[PDB]
Amino acid sequence: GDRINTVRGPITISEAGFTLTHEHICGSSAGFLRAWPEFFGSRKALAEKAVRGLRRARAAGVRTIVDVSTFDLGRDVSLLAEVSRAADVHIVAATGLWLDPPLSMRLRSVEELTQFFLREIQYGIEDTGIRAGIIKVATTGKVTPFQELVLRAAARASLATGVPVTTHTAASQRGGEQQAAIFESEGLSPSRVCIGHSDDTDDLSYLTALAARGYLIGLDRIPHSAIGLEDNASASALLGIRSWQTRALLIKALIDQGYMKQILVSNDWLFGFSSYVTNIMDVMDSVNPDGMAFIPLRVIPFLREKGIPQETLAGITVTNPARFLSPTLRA
Amino acid sequence: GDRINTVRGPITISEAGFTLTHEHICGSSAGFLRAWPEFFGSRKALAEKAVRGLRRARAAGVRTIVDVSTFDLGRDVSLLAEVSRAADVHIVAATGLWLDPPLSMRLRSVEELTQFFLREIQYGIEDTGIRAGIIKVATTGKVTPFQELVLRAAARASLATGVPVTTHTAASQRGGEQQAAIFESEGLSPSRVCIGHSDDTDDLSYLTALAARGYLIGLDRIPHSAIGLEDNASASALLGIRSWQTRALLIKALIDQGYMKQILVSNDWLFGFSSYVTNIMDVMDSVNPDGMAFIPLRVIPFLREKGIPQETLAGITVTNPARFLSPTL
Ligand SMILES: C[As](C)(=O)[O-]
Ligand SMILES: C[As](C)(=O)[O-]
Ligand SMILES: [Zn+2]
Ligand SMILES: [Zn+2]
Ligand SMILES: [Zn+2]
Ligand SMILES: [Zn+2]
C-alpha cells in the first residue's frame, strides 16, 4: 500500500525514483542459466556485464528497474539480487508466465496457476525469500486457451495482493483488447494493468481507447527499431523497420490527448539472451549501444526538444511507475 | 572405463549389481521443483517418498537405478544425490533432452547441443560436479528436425566419452528404426544404444530385428497398465491398456528368440510427476503399489515360473546393464 518489494527487500514508494518498468537482466529459460552458464561465457561474465549496464543506467538517472522475466524466461532472482546490490539499482522481480511454459506449467488449471503466482508474491521465489512485485503475462493472436488461463490467474493473484499486471501482446493485432476483456471479466481494475509492446504499432486510436479505459500503456520497445538490418533473417521479427523517433512520438501523442498519467516507458533491454538465435546479443548491442540508458539518454531529450515539459517527463518516469507498482486494491 | 559415474561419484561395474535401467526420481520440468516444491507437498515430502521407495527396492534386491530424467524433465541432481545416499542405492544421472525442450535448447545447433551434453558428462551437471553416466533422447514416431539434431549430438557425445544412449520411442509407431538410422549415420555402435519403451508394442518382428543389429532393447514400462481404469481417459492414454503380464511376456519372447544379451528391464517408475495431469501419481501408485520393486518382486518370479533359468534372469538384470553402462569407446 506504501511499500514495493524488490530483490533486496521492501522499499518505500519515494525510494523508487526514475523507474524503467519493463526490462530484463537475462532472457533465458527455466533452469538454463544454472545448467549452461558457459552459454553466456560464464555466470560471472553475465553478472559483470549487467552490473556495468545498470551502473550506466544509474548514471543516466535510473534508480529502479522492473525485471519482467518470469519463471519460463529463466528468471534467476539470485542473479538479480547480486547485480542489484553491486550496481545500487533497485530491481523489482516478476511472477507470471511468458510464451514458453514447460509441460508442468501448461497442464495446470487456473486455480493451480493462481497458487503458483501467489506463492511467488506472498511467500517468495524459490527458497530465496525474495517476493515478486509484478505479474507478467504474454499472449499471441486472439489469446489461446492456456493464455486465457494465465491471464485469469494473474488477475486473481493481483486481486488478492494488490500487485499490478503487465502484458506482452501483438500490438499489430490490437491484442490488448482481448486481454482487457478477460481482465475486466475477472473484476480487475484497468489501473492495475499495463498493456505493453504497445509501441509495436502506429494505431493511436487503439492506444487512446485503452488509456481512456484507465489502462496503463507500455511504450516499452522504443530502441527495438534497428534500421539497416534487412540482410538479417531474424532482426526484423525481433527488431524494427521504423525509427525509434517514430515510436517515441507516440509518447507525445498520448500526452497531448490528456493521458500522460497512463504512460509507462522502458527499453525492453537485456544483458544476455539465450531464448533466441546464437549471437543475438552482439546484434542488439551494436544496434543500441546505450542499452538500458537509451530511454534517459535519447528518448527523454528527444521529447524535451519536442516541447514536453520537465514536470511531465518526471510524471511519466517517476510518478506513473510509483502509482503502478504500489500495491493497491482501490481503483 | 571399468568405472561409471553415479551421483555419489565413480563406482566399479562390479558394484552396480541388479540395475534398473530406466527410472525417475521425479518427472518434472526444468526449474519446476525448485520454483514450486509445494506441487509435490514439499521438497522434503518428495525426498522422503523417494527414499522409502528406493529402500524397498533395495530390500527386494535392487542395487542401482538409472534416472533418465534430463534437463527438460526437471532433473534435480542434488535431489538424486540426497536420496541415493539416504537409500544407499546407486543412481546414475543422465544428460540429453526429452520432448519438452525450452526455447534456449530448441534454438541450438547440433554443435552447441554436443557441447552441452559433453559438459554434463565430462565436467558436471550445473555446479554440482556430478557427472552424467548416460545420454537420454526422445523422439515422436517420425523424428523432427530438432530431434534429429539431438540424436546426432547424443551420438557425438557418446563417441567422445563412451557413455551410452538410451531412447524414448513411440514403439507402436516403430520409432526405433528412424533413431537407429540416424545413430548409424554418425558411426555410433548399436551396442552403445538402448531403444527404450519397446514393450509398448507387441511387434516382435520390429523388436527382434533391432536386437539382431546389436541394439539393446528396453522393456522398461512393465507395470504400466490402466486395465481397470478405462473410465479414466488421462491414465489410459498414459499407461495403455495392455496388461503387465503382456509386457512381461516380451521378455520371454526375446529370450526364446536367442537375444537374452540384448534385453534391459525396468519399471519406468517415479515418485513425483508434474509433467502430466494433477494427481496422476496417486493413480499410478494404486496401479503399482510396489513401485520400483515391481520388477524383482513380481516380474522376476513370473519369468522364473514360465521356466526362464535363474542365470538368464541374472544376466538380464546384472550383466546386461553392466555391459551397457560401462563406458566403451
Ligand atoms: C524477452 As521479450 C523479446 O518478450 O521482451
Ligand atoms: C517421463 As516418461 C512417461 O517419457 O518415461
Ligand atoms: Zn515481450
Ligand atoms: Zn520483455
Ligand atoms: Zn519416456
Ligand atoms: Zn521414463
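Under the condition of being closer than 18 Å to residue A:100 by Cβ and of a type in the set (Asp, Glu), which residue from the range A:70-82 is farthest from the other protein chains (Cβ to nearest Cβ)?
My answer is A:76.
Could you list, in sequence order, all residues of the range B:50-75 that are among the hydrophobic types (A, V, I, L, M, F, W, C) and closer than 17 Å to residue B:31 by Cβ? Don't jump to the end; show me each part of the working.
Step one: of the range B:50-75, the residues among the hydrophobic types (A, V, I, L, M, F, W, C) are B:50-51, B:54, B:57, B:59-60, B:62, B:65-66, B:68, B:71, B:73.
The answer is B:71, B:73.
Across the range B:47-69, which residue is farthest from the other protein chains (Cβ to nearest Cβ) among those that are within 16 Å of ligand 5 (Cβ to nearest atom) and out of contact with any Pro (no Cβ under 8 Å at 6 or more places or on another chain)?
Step by step, filter the range B:47-69, then rank; the result is B:65.
Name the single residue that is farthest from the other protein chains (Cβ to nearest Cβ) among those in the range A:122-131 being of a type outside the set (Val, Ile, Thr) and surrounded by fewer than 23 Cβ atoms within 10 Å (Cβ to Cβ).
Going through the qualifying residues, I end up with A:129.
Touching a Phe, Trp or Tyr at 6+ places or on another chain (Cβ under 9 Å) and either of a type outside the set (D, E, K, R) or away from ligand 3 (no atom under 16 Å from the Cβ) (or both) - does that describe any residue in the range A:78-93? Please lay out each step first, then the result.
Step one: filter the range A:78-93 for residues touching a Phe, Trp or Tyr at 6+ places or on another chain (Cβ under 9 Å), giving A:83.
Retained after the next criterion (residues that are either of a type outside the set (D, E, K, R) or away from ligand 3 (no atom under 16 Å from the Cβ) (or both)): A:83.
Yes.
List the pairs whose first member sits in the range B:138-165 and is over 12 Å from residue B:96 (Cα atoms), whose second member is of a type in the set (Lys, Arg) and part of a loop (DSSP other than H, G, I, E, B), and whose Cβ atoms are under 8 Å apart, counting only residues at least 6 apart or on separate chains?
Close Cβ pairs satisfying both conditions: B:141/B:174.
Please pick out the residue among B:281, B:292 that is of a type in the set (A, V, I, L, M), free of Cβ contacts under 8 Å to residues at least 40 places away in the same chain and touching a strand residue (DSSP E or B) at 6+ places or on another chain (Cβ under 9 Å). Quick ask: steps written out before the conclusion?
Working: B:292 fails: free of Cβ contacts under 8 Å to residues at least 40 places away in the same chain.
So the residue among B:281, B:292 that is of a type in the set (A, V, I, L, M), free of Cβ contacts under 8 Å to residues at least 40 places away in the same chain and touching a strand residue (DSSP E or B) at 6+ places or on another chain (Cβ under 9 Å) is B:281.
So which residues in the range B:170-184 are among the small types (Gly, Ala, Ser) and without any contact (Cβ under 8 Å) to a residue 24 or more places away in the chain?
Start the filter on the range B:170-184 by keeping residues that are among the small types (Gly, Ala, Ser), which leaves B:170-172, B:175-176, B:180-181.
The answer is B:181, and nothing else.
For the range A:260-313, enumerate the residues that are touching a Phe, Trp or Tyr at 6+ places or on another chain (Cβ under 8 Å) and among the hydrophobic types (A, V, I, L, M, F, W, C).
Listed by number, the residues that qualify are A:264, A:269, A:280, A:281, A:284, A:292, A:294, A:299.
Test residue A:30 against the stated conditions and say whether it is in contact with a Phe, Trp or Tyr (Cβ under 9 Å, 6 or more places away or on another chain), within 10 Å of chain B (Cβ to nearest Cβ) and either assigned to a helix (DSSP H, G or I) or over 17 Å from residue A:157 (Cβ atoms) (or both). Please lay out each step first, then the result.
Details: in contact with a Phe, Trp or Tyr (Cβ under 9 Å, 6 or more places away or on another chain): yes; within 10 Å of chain B (Cβ to nearest Cβ): yes; either assigned to a helix (DSSP H, G or I) or over 17 Å from residue A:157 (Cβ atoms) (or both): yes.
Taking the combined requirement at face value, the residue satisfies it.
Out of A:321, A:296, which single residue is within 18 Å of the chain's Cα centre (by Cα) and more than 17 Å from residue A:54 (Cα to Cα)? Quick ask: steps written out before the conclusion?
Values: A:296 fails: more than 17 Å from residue A:54 (Cα to Cα).
Exactly one of A:321, A:296 is within 18 Å of the chain's Cα centre (by Cα) and more than 17 Å from residue A:54 (Cα to Cα), namely A:321.
Out of (1) closer than 11 Å to residue B:292 by Cβ; (2) not in a loop (DSSP other than H, G, I, E, B), what's the single condition that is false for residue B:21?
(1)
Within the set of pairs 6+ apart or on separate chains, which have a first residue in the range B:250-270 that is outside any loop (DSSP other than H, G, I, E, B), a second that is acidic (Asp, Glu) and within 14 Å of ligand 5 (Cβ to nearest atom), and C-beta atoms under 6 Å apart?
If the second residue must be acidic (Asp, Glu) and within 14 Å of ligand 5 (Cβ to nearest atom), the pairs left are B:250/B:199.
Which one is nearest to the other protein chains (Cβ to nearest Cβ) among residues in the range A:94-121 that are under 18 Å from residue A:160 (Cβ atoms) and small (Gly, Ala, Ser)?
First pass over the range A:94-121, keeping only residues under 18 Å from residue A:160 (Cβ atoms): A:94-97, A:108-121.
Going one step further and asking which of them are small (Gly, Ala, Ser), we end up with A:94, A:96, A:109.
Numbers: A:94: 13, A:96: 12, A:109: 7 Å.
By that ranking, first place goes to A:109.
Of all residues being in a loop (DSSP other than H, G, I, E, B) and surrounded by fewer than 19 Cβ atoms within 10 Å (Cβ to Cβ) in the range B:277-308, which is nearest to ligand 6 (Cβ to nearest atom)? Just the residue, please.
Narrowing the range B:277-308 to residues in a loop (DSSP other than H, G, I, E, B): B:277-279, B:288-290, B:306-308.
Checking the rest, the ones that are also surrounded by fewer than 19 Cβ atoms within 10 Å (Cβ to Cβ) come to B:277-279, B:289, B:306-308.
Values: B:277: 16, B:278: 19, B:279: 19, B:289: 19, B:306: 26, B:307: 30, B:308: 25 Å.
The selected residue is B:277.
Go over the candidates B:15, B:23 one by one and state the one that is more than 14 Å from chain A (Cβ to nearest Cβ) and within 19 Å of the chain's Cα centre (by Cα).
On inspection, the qualifying residue turns out to be B:23.
Which members of the range B:47-66 meet the condition of being out of contact with any helix residue (DSSP H, G or I) (no Cβ under 7 Å at 6 or more places or on another chain) and part of a loop (DSSP other than H, G, I, E, B)?
Across the range B:47-66, the qualifying residue is only B:63.
Can you tell me which residue is farthest from residue B:27 (Cα to Cα) among those in the range A:76-107 that are touching a residue at least 40 places away in the same chain (Cβ under 8 Å) and among the charged types (D, E, K, R)?
First, the residues of the range A:76-107 that are touching a residue at least 40 places away in the same chain (Cβ under 8 Å): A:76-81, A:83-85, A:90-102, A:106.
Subsequent filtering for residues that are among the charged types (D, E, K, R) retains A:76, A:85, A:100, A:106.
Numbers: A:76: 22, A:85: 36, A:100: 18, A:106: 15 Å.
The selected residue is A:85.
Does the range B:268-294 hold any residues that are more than 14 Å from ligand 5 (Cβ to nearest atom) and among the aromatic types (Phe, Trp, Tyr), and which are they?
B:271, B:294
Note that each Cβ is placed from the backbone with ideal geometry, even for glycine, and that neighbours are counted across all protein chains shown. Every number in this text was worked out from the coordinates using simple rules, so none of it is lab data.
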